[PDB]
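This document opens with one chain alone, in structure tokens, the form deposited without the partner chain.
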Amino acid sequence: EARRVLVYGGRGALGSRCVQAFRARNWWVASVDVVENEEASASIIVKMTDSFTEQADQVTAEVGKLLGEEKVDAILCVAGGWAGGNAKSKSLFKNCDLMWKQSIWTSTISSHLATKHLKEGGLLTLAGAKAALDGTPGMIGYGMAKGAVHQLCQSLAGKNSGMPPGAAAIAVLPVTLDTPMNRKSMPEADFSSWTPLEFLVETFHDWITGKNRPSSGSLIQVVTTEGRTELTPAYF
């Protein structure tokens, strides 16, 4: 069963496709991002601040007054983006900071809103990266950000983490998504190895409506070889 989904990163490439797709099925969808999703049922704009508790408390408070005593079926934390760099690079502190606001702050706020507003049996999805299961020398801030999302996935499947009875926390782990910005960025890239966003919107639909939902704490790899996308469990 579904009807109430919260998308954290509602105005990103993947996030707006999810907001379009569940709104198409007439579901109540709220968007959480730094810009309004006028297409969502409700947007929450995240405050641009260097303080994490300020950003955190403003979203937790905005979401609490929007939902009151109403639980949602899913929270999809699709928030993220990318930046490279090895430890010697001059863009290292800039890029690390982007990566952590984008992946660590959003995943952490999403995990607190799920213990408060997820339904029993509800779903929470986190965004990982397959590359971060091994070291990432040329993506230090990215690899670190994403490894912390994988370890957090495990904590939330642990006993007494805050999570509702029956609720699952799954970490999705792509390699590269198909996005217009990626296509003009890696113009010689073999787009056939890029995952369509639509496949993940279908996967998210199924996991929400009970069909083939992974176990809590699962790390799912999303790999597309020659236009076909497989799903492969990974262990922390």
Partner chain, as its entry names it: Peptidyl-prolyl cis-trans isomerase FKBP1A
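Numbering follows the first chain given and starts at 1.
Here the stretch with the larger average CA B-factor, out of 52 to 60 and 31 to 39, is 31 to 39. With 90 to 98 and 140 to 148 compared on mean CA B-factor from the PDB entry, the stretch scoring higher is 90 to 98.
Reading the B-factor column for the CA atoms of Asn160, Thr108, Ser155, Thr115 in the entry, the top value corresponds to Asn160. Per the PDB record, residue ranking by Cα B-factor puts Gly9 in the lowest third of the chain. In the PDB entry, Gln221 places in the lowest third of its chain by CA B-factor. Residue-level temperature factors show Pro164 in the lowest third of its chain, judged at the C-alpha atom. Sorting the modelled residues of the chain by their CA temperature factor places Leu66 in the highest third. For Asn182, the recorded CA temperature factor ranks within the highest third of the chain's modelled residues.
Just so it is clear, the following notes concern the form deposited with the partner chain bound, a form of the same protein that is not shown.
The stretch in contact with the partner chain in the bound PDB entry, judged by heavy atoms within 4.5 Å, is 179 to 187, chosen from 179 to 187, 206 to 214, 166 to 174, 193 to 201. Contact between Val46 and the partner chain in the bound PDB entry is found at the 4.5 Å heavy atom cutoff. Interface membership of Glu36, defined by any non-hydrogen atom within 4.5 Å of the partner chain in the bound PDB entry, is confirmed.
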